[PDB]
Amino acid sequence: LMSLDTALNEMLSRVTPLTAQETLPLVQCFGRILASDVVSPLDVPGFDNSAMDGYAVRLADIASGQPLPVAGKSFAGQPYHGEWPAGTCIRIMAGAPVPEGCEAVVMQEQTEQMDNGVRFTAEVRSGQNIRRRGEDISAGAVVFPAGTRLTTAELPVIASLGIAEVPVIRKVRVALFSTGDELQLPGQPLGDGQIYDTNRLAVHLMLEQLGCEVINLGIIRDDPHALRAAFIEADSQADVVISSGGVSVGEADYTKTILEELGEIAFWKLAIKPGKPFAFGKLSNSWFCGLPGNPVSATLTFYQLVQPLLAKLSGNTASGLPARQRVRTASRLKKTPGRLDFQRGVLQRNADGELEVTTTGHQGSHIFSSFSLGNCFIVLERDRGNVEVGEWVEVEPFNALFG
């Protein structure tokens, strides 16, 4: 019934980003959200210098058209403190400090050499091939805004400004559990209708690579007091509490009355496949997300719903839903209208060199092998139906969590 776009936008609308912070040294900030605009304590370049390798020159001691010799030499790791008589043209590496009061630099190519000087093989216009102090970064400027996620792009650049640490938002904590006497841990033996608990691992794994703090509480026993106490424990320590399956996502039962008793939580029916059901709302101190028991469903549900929610909570100001490009079906695809279909395909380069998807196989939620063989999602539009080879189709790539 409810639209995905609709459900998402309602979830994130109520959410207030964390602002609690902590200062860490640069080598620990990867994936961390900056909390306070990094401000340049210095100018970059710090000094005035030459973009190119050749000869610094003034237009006063050049006009004559006398090939001037060199008085001295500047280097990037070896500056210059000489004189420069009234007729010289100092040599200098690229990046190396321009002599006090130089008005232009000229690279070897625009000059001939001899036993008396450096005949400048072309004209020379002021400011040429001088990189200026602060031209790349001026002191007191903002280099990276708050809410920026730090990677190898930014952190080394902060290292270039002598800043050994920056404040970042604290990691989001996420409590996790599942429930069902039916659920067993590995190494234990499958009893009657008993099955091995898998959503919890998947979710747990996804949280950690999302840079969250996981509080994995295990399987909870099929007992109200056991569950009531799991929520309470989880709520006091988390920003977000996830049920990876077991707890009601709509169906009536003791777990459903426990949710109602501890929080105001919506139970939606979302117009998507795989999946459909989703529990969401506020507990006393955290947000609750409840996934359905089906592996393929809960993954998808989490990746598309819970994942967005965590981004906003985390203080990241990176707006957008993982890039999503248009491409052709090299396969046929049975789509049933009425539901936004997140099918998996395989994005690859074709004979020509253009990208094209291929289905992975049976798109049923009764096998997980899709996520492995696949390397993207094929977002067939809600009212769309069977797709024929050749058509233009919406395709979202897999992020790190898979590939």
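Each residue number is its position in the shown sequence, starting from 1.
Higher average CA B factor: 38-46, of the stretches 367-375 and 38-46. For the two regions 307-315 and 180-188, the entry's Cα B-factors average higher over 180-188.
In this entry, the residue among 215, 232, 153, 86 with the greatest C-alpha B factor is 86.
Going by the entry's values, 76 shows the largest Cα B-factor out of 175, 159, 272, 76. Ranked against the other modelled residues of its chain, the C-alpha B-factor of residue 355 as given in the entry falls in the highest third. When the CA B factors of the chain's modelled residues are split into thirds, the value for residue 32 lands in the lowest one. Ranked within its chain, residue 128 lands in the highest third, by CA B factor from the PDB record. Split the chain's modelled residues into thirds by C-alpha temperature factor. Residue 149 is in the lowest one. Residue 204: CA B factor lies in the lowest third for its chain, per the PDB record.
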